[PDB]
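Asks: Structure supplied as coords-v1.cif; contents: mmCIF, C-alpha atoms.
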data_structure
loop_
_atom_site.label_atom_id
_atom_site.label_comp_id
_atom_site.auth_asym_id
_atom_site.auth_seq_id
_atom_site.Cartn_x
_atom_site.Cartn_y
_atom_site.Cartn_z
CA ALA A 1 15.19 -1.85 -29.09
CA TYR A 2 16.60 1.56 -28.14
CA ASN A 3 18.48 0.20 -25.11
CA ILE A 4 20.72 -2.62 -26.39
CA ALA A 5 23.46 -0.13 -27.28
CA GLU A 6 24.11 0.64 -23.59
CA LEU A 7 22.87 -2.55 -21.91
CA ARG A 8 25.13 -4.77 -24.02
CA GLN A 9 28.16 -2.72 -23.00
CA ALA A 10 26.97 -2.78 -19.38
CA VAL A 11 26.78 -6.58 -19.48
CA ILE A 12 30.23 -6.76 -21.06
CA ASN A 13 31.77 -4.40 -18.48
CA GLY A 14 30.70 -6.75 -15.69
CA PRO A 15 29.99 -6.09 -12.01
CA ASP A 16 33.36 -4.46 -11.23
CA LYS A 17 33.74 -1.82 -13.94
CA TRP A 18 31.44 1.19 -13.80
CA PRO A 19 29.22 1.55 -15.74
CA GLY A 20 28.38 -2.15 -15.57
CA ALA A 21 25.83 -4.91 -15.00
CA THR A 22 25.52 -7.28 -12.06
CA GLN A 23 22.58 -9.53 -13.03
CA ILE A 24 20.33 -10.55 -15.91
CA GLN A 25 16.66 -11.40 -15.39
CA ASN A 26 15.30 -13.60 -18.17
CA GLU A 27 11.63 -13.65 -19.14
CA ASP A 28 10.89 -16.73 -17.02
CA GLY A 29 12.42 -15.08 -13.94
CA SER A 30 15.85 -16.71 -14.04
CA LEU A 31 18.42 -14.52 -12.28
CA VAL A 32 21.75 -15.11 -14.01
CA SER A 33 24.48 -13.50 -11.91
CA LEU A 34 27.39 -11.85 -13.72
CA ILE A 35 29.75 -11.95 -10.73
CA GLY A 36 31.50 -15.28 -11.24
CA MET A 37 31.86 -15.05 -15.02
CA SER A 38 34.68 -14.36 -17.46
CA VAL A 39 34.66 -11.68 -20.15
CA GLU A 40 34.03 -14.19 -22.95
CA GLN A 41 30.96 -15.59 -21.19
CA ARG A 42 29.80 -12.02 -20.63
CA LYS A 43 30.08 -11.29 -24.36
CA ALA A 44 28.11 -14.46 -25.10
CA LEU A 45 25.41 -13.34 -22.65
CA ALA A 46 25.38 -9.76 -23.96
CA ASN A 47 24.91 -10.96 -27.54
CA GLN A 48 21.76 -12.77 -26.32
CA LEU A 49 20.07 -9.81 -24.62
CA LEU A 50 17.48 -8.87 -27.26
CA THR A 51 16.78 -12.42 -28.38
CA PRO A 52 13.02 -12.97 -28.81
CA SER A 53 11.56 -15.38 -26.29
CA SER A 54 10.91 -18.99 -27.28
CA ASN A 55 8.09 -19.37 -24.73
CA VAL A 56 4.52 -18.29 -25.47
CA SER A 57 3.78 -17.69 -21.78
CA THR A 58 6.41 -14.92 -21.63
CA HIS A 59 6.24 -13.66 -25.23
CA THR A 60 5.05 -10.26 -23.94
CA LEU A 61 8.14 -9.89 -21.73
CA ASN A 62 11.74 -8.81 -22.16
CA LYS A 63 14.88 -9.39 -20.13
CA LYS A 64 16.15 -6.93 -17.53
CA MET E 1 8.57 -5.58 -6.68
CA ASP E 2 8.83 -6.71 -10.32
CA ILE E 3 7.03 -4.60 -12.91
CA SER E 4 6.85 -7.64 -15.21
CA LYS E 5 4.71 -9.53 -12.66
CA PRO E 6 1.35 -7.75 -12.50
CA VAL E 7 -1.14 -8.65 -9.79
CA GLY E 8 -4.76 -8.82 -10.88
CA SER E 9 -6.45 -8.67 -7.49
CA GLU E 10 -6.46 -5.97 -4.83
CA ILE E 11 -7.48 -5.73 -1.18
CA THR E 12 -10.18 -3.08 -0.88
CA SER E 13 -11.08 -3.25 2.82
CA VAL E 14 -10.56 -5.34 5.94
CA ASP E 15 -12.92 -6.04 8.83
CA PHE E 16 -12.32 -7.33 12.34
CA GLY E 17 -14.03 -10.24 14.04
CA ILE E 18 -13.71 -13.03 16.56
CA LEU E 19 -12.15 -16.28 15.35
CA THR E 20 -14.79 -18.79 16.41
CA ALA E 21 -13.75 -22.11 17.91
CA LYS E 22 -15.57 -24.07 15.20
CA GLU E 23 -13.58 -22.62 12.29
CA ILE E 24 -10.10 -23.02 13.78
CA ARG E 25 -10.87 -26.69 14.39
CA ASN E 26 -11.57 -26.95 10.65
CA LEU E 27 -8.71 -24.88 9.21
CA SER E 28 -6.12 -26.51 11.47
CA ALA E 29 -3.81 -29.14 10.00
CA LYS E 30 -2.89 -30.71 13.36
CA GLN E 31 -3.32 -30.14 17.08
CA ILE E 32 -0.50 -30.28 19.62
CA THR E 33 -0.73 -32.51 22.68
CA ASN E 34 2.80 -33.25 23.91
CA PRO E 35 4.62 -30.27 25.48
CA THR E 36 7.97 -31.54 24.20
CA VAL E 37 9.14 -29.73 21.10
CA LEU E 38 11.70 -32.16 19.63
CA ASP E 39 12.81 -35.59 20.82
CA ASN E 40 16.32 -37.04 20.92
CA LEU E 41 18.53 -36.79 17.80
CA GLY E 42 17.08 -33.30 17.28
CA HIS E 43 14.15 -34.55 15.22
CA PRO E 44 10.84 -32.72 15.80
CA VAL E 45 8.42 -35.08 17.53
CA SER E 46 5.08 -35.55 15.79
CA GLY E 47 2.18 -33.98 17.67
CA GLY E 48 4.46 -31.43 19.34
CA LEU E 49 5.03 -27.74 18.74
CA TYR E 50 7.38 -28.46 15.82
CA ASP E 51 5.22 -30.77 13.73
CA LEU E 52 5.75 -31.37 10.02
CA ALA E 53 2.06 -30.54 9.55
CA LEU E 54 2.76 -27.02 10.86
CA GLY E 55 5.42 -26.30 8.24
CA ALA E 56 8.82 -27.35 6.95
CA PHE E 57 11.40 -27.20 9.74
CA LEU E 58 15.18 -27.61 9.39
CA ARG E 59 15.47 -29.45 6.08
CA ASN E 60 12.33 -31.53 6.68
CA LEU E 61 9.56 -31.42 4.09
CA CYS E 62 6.25 -30.12 5.42
CA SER E 63 3.73 -32.90 5.92
CA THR E 64 0.86 -30.65 4.80
CA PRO O 1 -24.52 -17.67 -13.84
CA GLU O 2 -27.50 -15.48 -12.97
CA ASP O 3 -26.13 -14.19 -9.67
CA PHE O 4 -22.95 -13.05 -11.43
CA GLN O 5 -24.99 -11.24 -14.08
CA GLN O 6 -26.96 -9.41 -11.39
CA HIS O 7 -23.71 -8.48 -9.63
CA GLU O 8 -22.20 -7.26 -12.91
CA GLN O 9 -25.24 -5.15 -13.78
CA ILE O 10 -25.33 -3.66 -10.28
CA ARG O 11 -21.62 -2.80 -10.35
CA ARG O 12 -21.77 -1.31 -13.86
CA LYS O 13 -24.84 0.76 -12.98
CA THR O 14 -23.20 2.03 -9.79
CA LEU O 15 -20.11 2.99 -11.78
CA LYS O 16 -22.24 4.73 -14.42
CA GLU O 17 -23.80 6.90 -11.71
CA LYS O 18 -20.34 7.87 -10.43
CA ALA O 19 -19.07 9.07 -13.81
CA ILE O 20 -19.50 12.83 -14.14
CA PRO O 21 -20.49 13.63 -17.76
CA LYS O 22 -17.94 15.42 -19.91
CA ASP O 23 -19.93 18.68 -19.91
CA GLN O 24 -20.31 18.91 -16.11
CA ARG O 25 -16.72 18.58 -14.85
CA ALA O 26 -15.90 21.55 -12.62
CA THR O 27 -12.30 20.76 -11.66
CA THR O 28 -9.27 22.79 -12.71
CA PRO O 29 -8.46 22.78 -16.45
CA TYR O 30 -4.71 22.69 -15.78
CA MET O 31 -2.70 19.57 -15.00
CA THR O 32 -1.42 19.31 -11.45
CA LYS O 33 2.20 18.51 -10.63
CA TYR O 34 1.22 15.08 -9.31
CA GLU O 35 -0.83 14.32 -12.42
CA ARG O 36 2.06 15.25 -14.71
CA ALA O 37 4.53 13.25 -12.62
CA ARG O 38 2.41 10.10 -12.65
CA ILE O 39 1.61 10.51 -16.35
CA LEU O 40 5.34 10.63 -17.09
CA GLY O 41 6.07 7.68 -14.81
CA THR O 42 3.34 5.46 -16.22
CA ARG O 43 4.18 6.36 -19.82
CA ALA O 44 7.86 5.61 -19.15
CA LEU O 45 6.95 2.26 -17.59
CA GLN O 46 4.86 1.42 -20.65
CA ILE O 47 7.60 2.46 -23.09
CA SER O 48 10.10 0.33 -21.15
CA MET O 49 7.88 -2.70 -21.92
CA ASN O 50 7.99 -2.29 -25.73
CA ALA O 51 4.89 -0.11 -25.92
CA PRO O 52 4.40 1.62 -29.29
CA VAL O 53 6.09 5.02 -29.39
CA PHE O 54 4.40 7.97 -31.10
CA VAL O 55 7.46 10.26 -31.17
CA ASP O 56 10.90 10.28 -32.78
CA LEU O 57 13.73 9.28 -30.43
CA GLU O 58 16.57 11.71 -31.19
CA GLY O 59 19.13 9.19 -30.00
CA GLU O 60 17.50 8.83 -26.58
CA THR O 61 17.82 5.77 -24.34
CA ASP O 62 16.00 7.00 -21.21
CA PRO O 63 12.31 5.96 -21.22
CA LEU O 64 11.51 8.92 -18.96
CA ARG O 65 12.97 11.27 -21.57
CA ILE O 66 10.81 9.60 -24.24
CA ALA O 67 7.78 10.17 -22.01
CA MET O 68 8.71 13.83 -21.53
CA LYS O 69 9.16 14.22 -25.29
CA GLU O 70 5.70 12.75 -25.92
CA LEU O 71 4.19 14.97 -23.21
CA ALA O 72 5.70 18.06 -24.85
CA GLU O 73 3.95 17.13 -28.11
CA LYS O 74 0.76 15.88 -26.38
CA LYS O 75 0.90 12.41 -27.94
CA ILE O 76 0.48 10.42 -24.70
CA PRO O 77 -2.53 8.05 -24.98
CA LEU O 78 -3.54 8.22 -21.31
CA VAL O 79 -6.52 9.48 -19.32
CA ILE O 80 -6.59 10.93 -15.80
CA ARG O 81 -9.55 9.81 -13.69
CA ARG O 82 -9.85 12.54 -11.09
CA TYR O 83 -11.71 11.29 -8.02
CA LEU O 84 -13.99 13.37 -5.82
CA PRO O 85 -14.37 12.41 -2.14
CA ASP O 86 -17.87 11.05 -2.78
CA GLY O 87 -16.40 8.54 -5.25
CA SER O 88 -17.72 10.27 -8.36
CA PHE O 89 -15.01 10.90 -10.92
CA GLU O 90 -14.12 12.88 -14.04
CA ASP O 91 -12.16 11.75 -17.10
CA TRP O 92 -9.60 14.08 -18.70
CA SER O 93 -7.37 13.03 -21.55
CA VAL O 94 -3.84 14.42 -21.42
CA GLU O 95 -4.55 16.51 -24.53
CA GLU O 96 -7.41 18.38 -22.85
CA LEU O 97 -5.29 19.40 -19.85
CA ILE O 98 -2.79 22.24 -20.20
CA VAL O 99 0.60 21.91 -18.52
CA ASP O 100 1.51 24.73 -16.12
CA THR V 1 2.81 -21.10 -16.39
CA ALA V 2 -0.23 -20.07 -14.32
CA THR V 3 0.61 -16.36 -14.47
CA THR V 4 -1.54 -13.25 -14.76
CA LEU V 5 0.01 -12.85 -18.22
CA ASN V 6 -1.36 -16.26 -19.28
CA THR V 7 -4.56 -17.11 -17.41
CA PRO V 8 -7.55 -14.86 -16.68
CA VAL V 9 -7.65 -13.41 -13.18
CA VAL V 10 -11.36 -14.25 -12.81
CA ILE V 11 -13.66 -16.08 -15.22
CA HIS V 12 -17.43 -16.17 -14.65
CA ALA V 13 -20.27 -17.62 -16.70
CA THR V 14 -22.70 -14.97 -17.93
CA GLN V 15 -25.60 -17.16 -19.09
CA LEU V 16 -26.56 -20.81 -18.87
CA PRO V 17 -25.01 -23.14 -21.47
CA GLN V 18 -26.76 -23.10 -24.84
CA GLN N 1 -8.35 10.61 23.65
CA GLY N 2 -8.70 13.27 20.96
CA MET N 3 -8.42 10.64 18.22
CA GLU N 4 -10.78 8.24 20.02
CA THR N 5 -13.34 8.79 17.24
CA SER N 6 -12.19 7.99 13.69
CA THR N 7 -13.17 5.60 10.93
CA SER N 8 -9.66 4.18 10.46
CA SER N 9 -8.71 1.66 13.15
CA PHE N 10 -5.18 1.14 11.81
CA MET N 11 -4.21 4.76 12.48
CA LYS N 12 -5.31 4.64 16.13
CA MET N 13 -3.68 1.23 16.58
CA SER N 14 -0.38 2.41 15.09
CA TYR N 15 -0.36 5.57 17.22
CA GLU N 16 -0.42 4.05 20.72
CA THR N 17 -2.33 1.61 22.92
CA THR N 18 -2.70 -0.85 20.06
CA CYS N 19 -4.56 -3.51 22.03
CA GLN N 20 -7.31 -1.28 23.44
CA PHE N 21 -8.06 0.09 19.96
CA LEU N 22 -7.94 -3.44 18.56
CA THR N 23 -10.47 -4.65 21.14
CA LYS N 24 -12.72 -1.68 20.40
CA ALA N 25 -12.47 -2.35 16.66
CA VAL N 26 -13.17 -6.07 16.98
CA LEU N 27 -16.04 -5.79 19.48
CA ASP N 28 -17.71 -3.14 17.32
CA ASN N 29 -16.94 -5.36 14.29
CA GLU N 30 -15.63 -2.23 12.60
CA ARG N 31 -14.75 -2.38 8.90
CA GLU N 32 -12.25 0.17 7.58
CA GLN N 33 -11.99 1.05 3.89
CA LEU N 34 -8.19 1.56 4.01
CA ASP N 35 -8.46 5.32 3.52
CA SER N 36 -5.96 6.64 6.06
CA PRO N 37 -2.33 6.98 4.93
CA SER N 38 -1.35 4.68 7.80
CA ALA N 39 -4.06 2.13 6.95
CA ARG N 40 -2.79 1.59 3.40
CA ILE N 41 0.76 0.98 4.62
CA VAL N 42 -0.37 -1.96 6.77
CA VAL N 43 -2.01 -3.62 3.77
CA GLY N 44 0.48 -2.29 1.22
CA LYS N 45 -1.54 -0.10 -1.13
CA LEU N 46 -0.87 3.09 -3.05
CA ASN N 47 -1.63 6.22 -1.06
CA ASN N 48 -4.62 8.54 -1.54
CA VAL N 49 -2.49 11.72 -1.50
CA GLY N 50 -0.71 13.43 -4.38
CA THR N 51 0.10 11.00 -7.17
CA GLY N 52 -2.31 8.48 -5.62
CA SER N 53 -5.31 10.82 -5.74
CA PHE N 54 -6.40 9.67 -9.22
CA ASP N 55 -6.11 6.84 -11.75
CA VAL N 56 -4.56 6.47 -15.20
CA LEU N 57 -6.48 5.01 -18.15
CA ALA N 58 -5.14 3.92 -21.53
CA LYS N 59 -6.92 4.84 -24.76
CA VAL N 60 -6.73 1.62 -26.78
CA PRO N 61 -7.46 2.53 -30.43
CA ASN N 62 -9.33 -0.67 -31.38
CA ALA N 63 -12.65 -1.74 -29.85
CA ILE P 1 -20.93 -28.81 -28.36
CA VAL P 2 -22.22 -25.78 -26.45
CA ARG P 3 -21.76 -22.01 -26.69
CA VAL P 4 -21.25 -20.41 -23.27
CA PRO P 5 -21.03 -16.61 -22.89
CA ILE P 6 -18.46 -15.68 -20.23
CA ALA P 7 -16.88 -12.52 -18.87
CA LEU P 8 -13.22 -12.77 -17.85
CA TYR P 9 -11.00 -10.29 -16.02
CA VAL P 10 -7.76 -10.26 -18.01
CA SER P 11 -4.51 -8.32 -18.26
CA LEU P 12 -3.04 -6.48 -21.23
CA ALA P 13 0.63 -5.82 -21.91
CA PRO P 14 1.96 -2.54 -23.35
CA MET P 15 3.08 -4.31 -26.54
CA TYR P 16 -0.57 -5.00 -27.48
CA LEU P 17 -1.98 -1.53 -26.79
CA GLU P 18 -2.76 -0.73 -30.43
CA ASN P 19 -4.43 -4.15 -30.91
CA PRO P 20 -6.04 -4.91 -27.53
CA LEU P 21 -8.43 -7.50 -28.98
CA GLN P 22 -5.63 -9.46 -30.64
CA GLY P 23 -3.63 -8.99 -27.44
CA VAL P 24 -6.38 -10.64 -25.39
CA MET P 25 -6.58 -13.40 -28.01
CA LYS P 26 -2.82 -14.09 -28.02
CA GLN P 27 -2.49 -13.76 -24.23
CA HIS P 28 -5.46 -15.40 -22.52
CA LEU P 29 -7.81 -16.94 -25.10
CA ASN P 30 -5.53 -18.86 -27.48
CA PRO P 31 -3.94 -20.84 -24.58
CA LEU P 32 -7.50 -21.61 -23.42
CA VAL P 33 -8.47 -23.64 -26.51
CA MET P 34 -8.16 -27.43 -26.77
CA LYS P 35 -7.79 -27.64 -22.97
CA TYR P 36 -10.49 -28.69 -20.52
CA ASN P 37 -11.45 -25.77 -18.27
CA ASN P 38 -12.97 -26.37 -14.84
CA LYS P 39 -14.60 -22.93 -14.65
CA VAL P 40 -16.38 -23.54 -17.97
CA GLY P 41 -17.10 -27.26 -17.79
CA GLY P 42 -15.53 -28.91 -20.81
CA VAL P 43 -13.02 -28.88 -23.64
CA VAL P 44 -12.95 -25.31 -24.96
CA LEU P 45 -12.75 -25.52 -28.76
CA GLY P 46 -13.03 -21.87 -29.76
CA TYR P 47 -14.09 -18.34 -28.91
CA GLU P 48 -16.17 -15.72 -30.69
CA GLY P 49 -17.46 -12.20 -30.19
CA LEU P 50 -14.66 -10.87 -28.01
CA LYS P 51 -15.53 -7.43 -26.63
CA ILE P 52 -13.77 -5.24 -24.07
CA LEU P 53 -15.87 -3.61 -21.36
CA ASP P 54 -14.99 0.08 -21.31
CA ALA P 55 -13.68 1.71 -18.14
CA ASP P 56 -15.70 4.87 -18.73
CA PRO P 57 -19.44 4.09 -18.57
CA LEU P 58 -20.58 7.09 -20.62
CA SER P 59 -19.08 5.87 -23.90
CA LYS P 60 -21.24 4.00 -26.38
CA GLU P 61 -20.90 0.32 -27.21
CA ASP P 62 -19.93 1.19 -30.81
CA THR P 63 -16.95 3.39 -29.88
CA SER P 64 -13.73 2.18 -31.48
CA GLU P 65 -11.63 3.61 -28.62
CA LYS P 66 -12.03 2.42 -25.04
CA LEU P 67 -10.38 2.98 -21.66
CA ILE P 68 -8.28 0.35 -19.87
CA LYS P 69 -7.25 0.77 -16.24
CA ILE P 70 -3.48 0.62 -15.79
CA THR P 71 -2.16 -1.15 -12.70
CA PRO P 72 -0.80 1.38 -10.16
CA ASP P 73 2.52 -0.47 -9.80
CA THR P 74 3.05 -1.91 -13.29
CA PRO P 75 2.30 -0.74 -16.85
CA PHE P 76 -0.15 -3.60 -17.39
CA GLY P 77 -3.82 -2.85 -17.93
CA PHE P 78 -6.73 -4.90 -16.61
CA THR P 79 -10.22 -5.16 -18.03
CA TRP P 80 -13.36 -7.27 -18.28
CA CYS P 81 -13.93 -8.98 -21.62
CA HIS P 82 -17.01 -10.87 -22.80
CA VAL P 83 -16.67 -13.80 -25.19
CA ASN P 84 -18.72 -16.81 -26.29
CA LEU P 85 -16.78 -20.06 -25.91
CA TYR P 86 -17.55 -23.05 -28.12
CA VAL P 87 -16.84 -26.03 -25.86
CA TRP P 88 -17.37 -29.79 -26.04
CA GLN P 89 -18.29 -30.90 -22.52
CA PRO P 90 -18.42 -34.73 -22.12
#
Represent the structure of the file as structure tokens.

Replies:
Amino acid sequence: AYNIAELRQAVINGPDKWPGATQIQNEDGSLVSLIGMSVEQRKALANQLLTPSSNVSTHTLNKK
Amino acid sequence: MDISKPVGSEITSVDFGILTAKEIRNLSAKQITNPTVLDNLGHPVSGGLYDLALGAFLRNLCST
Amino acid sequence: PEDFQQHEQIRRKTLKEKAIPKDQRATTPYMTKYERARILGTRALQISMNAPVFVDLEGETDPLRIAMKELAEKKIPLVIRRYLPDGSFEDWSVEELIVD
Amino acid sequence: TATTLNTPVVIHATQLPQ
Amino acid sequence: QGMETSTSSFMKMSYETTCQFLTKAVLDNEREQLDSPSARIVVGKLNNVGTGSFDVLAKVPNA
Amino acid sequence: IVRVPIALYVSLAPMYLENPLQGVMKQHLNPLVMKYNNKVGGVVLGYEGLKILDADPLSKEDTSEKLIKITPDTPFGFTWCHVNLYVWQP
């Protein structure tokens, strides 16, 4: 809850603009790479960072 | 290491011993008899060193 | 079902012998550098996983800084289990220990 | 599915079924 | 030769002459508790020195 | 219909530290209901009397606060918990 201010901007900045983000790890362990993505897709992904999980098995977990 | 994947067990100690001939005959998935590793066409020959019961090998599903 | 109960009773009794009572601990009253470092690290790891926070975040985003802030105000809900070479141990809450 | 966050690490019976 | 006597087989194996120490440890059926700093690296456990010389317990408010 | 007392070794996330009992319920016990369990012997229908075994042995059994051992690598805690399962075993 205290992190989405910086992590959202890091996801938006992408892998080739420091400070930035290179990967997103969902609760289930999916490793979505930010390398081959456009800025619009990165904004869509960043807006879904702190979205509560829909799965009970990972309801105690958050993305990375 | 992933901090979101805790491990519940832990190795406390190890001890050394001889692997008796009776147990290996039971744990084994297959024994090797032909000293030819793979036949023509590059396929691993069953009963050889590269057997599908010893593990997946070069895009071939493990028989075990 | 009965073998497991015997094992459980044996293990719990052996642990109860190990535990040094609160009025017999003879170790240092201060907190060692390693103890403070691991307290901060574990508290930061917990905070990073949406653990409840007992301090006010003055616009802080570093979990380690949150842990340091809680350690300054002695609001960390952790316990150090100091181990003697025999295997007997002592329990000190972070509040009881005095930093530096 | 079948994770340490979902299933118990070890489960033992304490007493006989009653 | 100086280290010939020690409870941790992994240390003596990792130092030198791995096979002689391994034979001595397997013929004596020795069991090591993973207490040496070198022994815990083989199995991949937290060390027993410094920050690994104690445990950390949480105080959960509700029984 | 049979009540079986069991002790399970279960994990606890940091988000459930203030409510460890409800955390054990929502993590390990609620998914265990209405599903046949091989280590019990039937269709688990419910649980009752959940109690956490304390990490320090010198505390009483009536203490509201207990100790949970945190994993060295992760922030997760692990503890033994006793509970009576109501199960229909066919």

Asks: Do a neighbour search on residue 11 (chain V) at 10 Å with only C-alpha atoms, toss out local chain neighbours closer than 2 positions, and write the hits as a PyMOL selection string.

Replies: (chain V and resi 7-9+13-14) or (chain P and resi 6-10+39-40+80-82)

Asks: With only C-alpha atoms considered, list every residue of chain A at most 12 Å from chain O, as a list in words.

Replies: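 So the contacting residues turn out to be residues 1, 2, 3, 4, 5, 6, 7, 27, 50, 59, 60, 61, 62, 63 and 64 of chain A.
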
Asks: Could you list, as a PyMOL selection string, the residues of chain V having an atom within 12 Å of chain A when counting only C-alpha atoms?

Replies: chain V and resi 1-7

Asks: Taking the file as shown, what set of residues would the PyMOL selection byres ((chain N) within 6 of (chain O)) give back, as a compact mmCIF listing (two decimals) with C-alpha atoms, in the coordinates of the input?

Replies:
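Written file, part_19.txt:
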# COMPACT_ATOMS: atom_id res chain seq x y z
CA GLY N 50 -0.71 13.43 -4.38
CA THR N 51 0.10 11.00 -7.17
CA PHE N 54 -6.40 9.67 -9.22
CA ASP N 55 -6.11 6.84 -11.75
CA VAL N 56 -4.56 6.47 -15.20
CA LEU N 57 -6.48 5.01 -18.15
CA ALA N 58 -5.14 3.92 -21.53
CA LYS N 59 -6.92 4.84 -24.76

Asks: Compute the set of chain O residues within 12 Å of chain V, using only C-alpha atoms, and express it as an MDAnalysis selection string.

Replies: chainID O and resid 1:9

Asks: Kindly export the residues of the current selection with C-alpha atoms, as a PDB file, in the frame of the given file.

Replies:
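Result saved to part27.pdb:
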ATOM      1  CA  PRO O   1     -24.520 -17.670 -13.840  1.00  0.00           C
ATOM      2  CA  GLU O   2     -27.500 -15.480 -12.970  1.00  0.00           C
ATOM      3  CA  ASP O   3     -26.130 -14.190  -9.670  1.00  0.00           C
ATOM      4  CA  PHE O   4     -22.950 -13.050 -11.430  1.00  0.00           C
ATOM      5  CA  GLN O   5     -24.990 -11.240 -14.080  1.00  0.00           C
ATOM      6  CA  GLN O   6     -26.960  -9.410 -11.390  1.00  0.00           C
ATOM      7  CA  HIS O   7     -23.710  -8.480  -9.630  1.00  0.00           C
ATOM      8  CA  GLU O   8     -22.200  -7.260 -12.910  1.00  0.00           C
ATOM      9  CA  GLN O   9     -25.240  -5.150 -13.780  1.00  0.00           C
TER      10      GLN O   9
END

Asks: State, in Å with one decimal place, the distance from CA of residue 29 (chain A) to CA of residue 44 (chain O).

Replies: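 That distance, rounded to one decimal, is 21.8 Å.
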
Asks: Evaluate the PyMOL selection byres ((chain E and resi 36-47) around 12) against this structure - the residues, as a list in words, please.

Replies: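 Checked against the file, the PyMOL selection byres ((chain E and resi 36-47) around 12) matches residues 29, 30, 31, 32, 33, 34, 35, 48, 49, 50, 51, 52, 53, 54, 55, 56, 57, 58, 59, 60, 61, 62 and 63 of chain E.
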
Asks: Set the cut-off to 10 Å and count all atoms listed in the file: what are the residues of chain N that reach chain E? Output as number ranges by chain.

Replies: N: 9, 22-35, 39-40, 43-45
